[PDB]
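Encoded as structure tokens, the following chain is the form deposited in one PDB entry, with no partner shown.
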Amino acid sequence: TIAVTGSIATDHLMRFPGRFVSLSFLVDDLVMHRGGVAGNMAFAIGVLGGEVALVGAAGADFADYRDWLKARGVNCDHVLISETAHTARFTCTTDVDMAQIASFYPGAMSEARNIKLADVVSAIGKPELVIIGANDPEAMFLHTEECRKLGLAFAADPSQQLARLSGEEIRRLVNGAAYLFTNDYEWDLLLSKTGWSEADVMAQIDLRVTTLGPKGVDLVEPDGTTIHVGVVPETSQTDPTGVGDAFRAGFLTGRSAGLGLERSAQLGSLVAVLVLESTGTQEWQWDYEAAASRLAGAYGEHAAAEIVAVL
């Protein structure tokens, strides 16, 4: 079972038909969707048939979201429901170039620091992997300390909170990680803020995964072995929100089904492009045949057959 920690949110997503003080953008689309990094990854892992538990804090409004997730197989037992605060809110405007200007209001997310992974362990067993996703900062640290304490394997996934964290806090999130997930800009920011070199980082983790936007993804091992996977090319780009989360979910679902690194990253790339081609982060659909087809088109029929075999 994969335990996903991180934000649970409502995403308010708008489209500006232009290209990015007193800035006002006239937007021509406004939709509200289920969101949060842990929401998104738990949803995708559940849709692809993995065993997954969502671990984070939401508000009393979470009931409908809860049903949505449970219908896809997500265990939400260990979602903390705040007595007073509302579920976090992400407000984002995306332009023609897929550039984005956003605000994030934590709300109930800040109470995630009150969750003890020991309860989840006691309730479902030791997880195969804990994803330490963008969350209340103290929660991210405490979750990581607990994984180290209880000997749980974890993925450091501090994407959107990296800008908000100090160098020392980042360094405390990385050591011992089975995986480090970031995008290339975040990778450079992590090196800068931590002062670590590339080699210093790779000495502390089992694998670095660096997404590269349209240039795909690198999976880098501490001995320098590098797998580069190009994207599943898009046909109808619409909103980039949640593409990183989808990639991580697909990749980790593939790993949990026993696929190798390259095959797992190819599955991740497929889920990523499906989210890119949807507005909300959890609005994509899983279609076995469409999946087989686009995997084959990008990566070859053998790769596609192997991937769809484990789903």
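Basically, rigid core = biggest C-alpha set you can superpose within 1.5 Å across the two forms. The numbering used is simple: start at 1 and walk along the sequence shown.
Another form exists, deposited in another entry; not displayed. Remarks below refer to it.
*Superpose on the rigid core and name the single residue from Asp28, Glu262, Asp67, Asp61 whose Cα moves by 2 angstroms or more between the shown form and the other one.*
Between the two forms, the residue that moves is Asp28.
*Compare the position of the CA of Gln204 between the shown form and the other one after a rigid core fit and state whether the shift reaches 2 Å.*
No, the C-alpha moves less than 2 Å.
*Superpose the two forms on their rigid core, then report whether the C-alpha of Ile101 is displaced by 2 angstroms or more between the shown form and the other one.*
The answer is yes; the displacement is at least 2 Å.
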